[PDB]
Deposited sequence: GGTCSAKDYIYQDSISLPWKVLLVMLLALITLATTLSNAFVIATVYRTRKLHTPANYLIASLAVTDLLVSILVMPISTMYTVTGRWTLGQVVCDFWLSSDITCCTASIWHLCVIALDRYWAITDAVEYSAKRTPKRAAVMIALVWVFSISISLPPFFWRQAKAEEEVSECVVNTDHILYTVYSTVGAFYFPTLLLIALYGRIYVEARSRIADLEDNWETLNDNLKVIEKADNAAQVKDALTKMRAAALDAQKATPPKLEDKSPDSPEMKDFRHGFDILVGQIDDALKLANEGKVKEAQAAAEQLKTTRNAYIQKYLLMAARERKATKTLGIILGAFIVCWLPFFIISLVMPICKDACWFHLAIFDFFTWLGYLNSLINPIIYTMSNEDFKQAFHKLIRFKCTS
């Protein structure tokens, strides 16, 4: 029995439009992300090549899997033969696993950048990403290939005969990637909260007291700026390159010390001018590392949203497909919930990553 055979004509048509609309939006939305990295010179970074490859897999889901899936989800009956059934089931498994595994490659790349910015820079080559993408495609194709034990050839479903493969395929495609991301993103969230916020918070406090400039109240603000500079200095096993970050603050501390010398003497005009002097000369050594932090905070926020979107979309499906061996609409809804992640990913990047956001404003011609 097919539950779809009891659905009314308006609901079946409404569902055909809805599904075709999200398939086309997935095609167009990914096509844009791919085009943007290709078109934009600034975006020719190994990091953006991973975003583009993630968008290629999601474009392949929208072309090879989703349109032919609207036909099957609404009617409930396979009508394209065994050869197209086998190619579609395999292309479903490879593309959806590769989309998930691209996330981990994007999250390992982020992890190594936030964990070893100095050493990782030389290693993070576009040639390295090429191997990581190829490895992801190799691992994904190698998942749909073993369930070809069909020594037999209406309905098109993946072979559930061998329990051990059903669970291995569920591990390699989801549970291994998500446990990796907990461990990976957890570290990223600890680094973004304890360091990419300690530099930014202690700088806010420094600029807030600079904006203040009675002479008595200036002395209390100048000693508040000194404390924030020392707590901002500790953000940053030899010390090369980080000595430059550490120097700017040590100078700002010395400049605050020389300014307070004029403030303690009683001079107000000589001290107020000494504060606006280090204002430009601080934002000459510090704004370099400070701007870096905004880019870090930004890139981890989008990843956080991407990972949240990934868990919400793919956890129900993989929880159900593991429970399945132990209603059909629930399964049809969750496959499309997983398919929806291919549409959610490009919109997250276009709304959170300002390179793609600016890029989008350019094609719609919005200022």
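- No alpha-carbon coordinates exist for the deposited sequence positions 1 to 8, 162 to 167, 228 to 231, 255 to 262, 353 to 359, 401 to 403, given here in order along the chain.
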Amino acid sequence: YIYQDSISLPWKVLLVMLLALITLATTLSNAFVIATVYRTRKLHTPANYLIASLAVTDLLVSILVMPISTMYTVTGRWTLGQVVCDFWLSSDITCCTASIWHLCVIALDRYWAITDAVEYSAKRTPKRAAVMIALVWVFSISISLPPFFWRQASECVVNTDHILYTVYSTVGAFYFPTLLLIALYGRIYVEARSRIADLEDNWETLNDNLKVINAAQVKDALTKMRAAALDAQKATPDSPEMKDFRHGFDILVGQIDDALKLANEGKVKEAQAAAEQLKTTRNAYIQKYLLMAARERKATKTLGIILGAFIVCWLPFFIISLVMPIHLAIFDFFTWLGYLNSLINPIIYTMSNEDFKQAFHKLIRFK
From here on, numbers count along this sequence of modelled residues.
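- Across the two stretches, 341 to 349 and 5 to 13, the PDB entry reports the greater mean Cα temperature factor for 5 to 13.
- Of the two stretches examined, 74 to 82 and 264 to 272, the record assigns the greater average C-alpha temperature factor to 264 to 272.
- The PDB entry assigns its highest CA temperature factor, among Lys234, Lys279, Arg297, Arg110, to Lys279.
- Highest CA B-factor among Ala98, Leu184, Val105, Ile196, as stated in the entry: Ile196.
- The PDB entry assigns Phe174 a C-alpha temperature factor belonging to the lowest third of its chain's modelled residues.
- Per the PDB record, residue ranking by Cα B-factor puts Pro46 in the middle third of the chain.
- Sort the modelled residues of the chain by CA B factor and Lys301 lands in the lowest third.
- The PDB entry assigns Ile133 a C-alpha temperature factor belonging to the middle third of its chain's modelled residues.
- In the deposited entry, the Cα temperature factor of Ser142 sits in the middle third of values across the chain's modelled residues.
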